[PDB]
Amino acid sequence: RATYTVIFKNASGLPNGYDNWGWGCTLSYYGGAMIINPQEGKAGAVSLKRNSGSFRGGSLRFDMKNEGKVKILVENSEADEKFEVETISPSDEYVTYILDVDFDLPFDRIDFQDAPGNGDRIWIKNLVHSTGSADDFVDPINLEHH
């Protein structure tokens, strides 16, 4: 059985049980989105840090729109180890991404970074981890709608 962990659907603030250990960004909340406003020259990131425990492998599902290129990473904060999941091209419309996490350590941080460091906004909603793969992902969000 896959375990689906909904981190947030609509956000009005930081997800419950998480902190932001990122840098070089201002966050705001509107239309249910976490709106990341990175500062120019900082290669800013949100780093969602789980207060307790860790995820392992599996996959990350989220809706995003983004004015520039966005790098997705995870980290294990104990080993001080970081892993690049994917780099995602700009889109002016929300797109649903479901990405395998092939990191061979547990991860307690999930990062969205303004990779080019030009200060391009990022918008995120509906962020979910599965213990199962991307191909096998059955979206609980689309599914609750239907």
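Position 1 is the first residue in the sequence shown; the rest follow in order.
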Task: Where the record places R61 (Cα B-factor, split into thirds across the chain) - done: middle
- [ ] Could you look up the Cα B-factor of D120 in the entry and say which third of the chain it sits in: lowest, middle or highest?
- [x] middle
TODO: Would you mind checking where the Cα B-factor of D100 ranks among the modelled residues of its chain, as the lowest, middle or highest third?
DONE: lowest
Open item on the list: Quick check for you: using the entry's CA B-factors within this chain, is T5 in the lowest, middle or highest third?
Closed with: middle
Task: Modelled-residue ranking by C-alpha temperature factor, third containing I88 - done: highest
